[PDB]
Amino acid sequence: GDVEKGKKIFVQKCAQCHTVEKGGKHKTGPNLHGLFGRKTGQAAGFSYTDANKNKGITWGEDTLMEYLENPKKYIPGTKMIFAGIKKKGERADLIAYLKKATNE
């Protein structure tokens, strides 16, 4: 994926609710640093729904591709209010950005 393009997607669709940096603050949504390889609902210090805590998958390219297409379908009852990104290339670019940003 294209990290530069992914950053712009993130800014447009995600950044209002999420930070990515190490030590970044929780906002409407949890800080996303360290997500890759982590189970759902594991950012420290954030009140997740039980739905997000219980989903139990490991975040990575495959699961992010599916989630980000339609978040509430993947985690019904989530309090993340975002309808999804339909396009596969846009999700891949966003996920490439996330892989860099959330592991710096």
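The first residue of the shown sequence is 1; numbering continues from there.
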Among the choices 80, 11, 95, 20, identify the one whose CA B-factor in the record is greatest. 11
In terms of its chain's C-alpha B-factors, the third that includes residue 73 is the highest
Cα B factor band for residue 43 (lowest, middle or highest third within the chain): middle
Please place residue 58 in the lowest, middle or highest third of its chain by C-alpha B factor as given in the entry. lowest
Based on the deposited C-alpha B factors for this chain, I'd like to know if residue 99 is in the lowest, middle or highest third. lowest
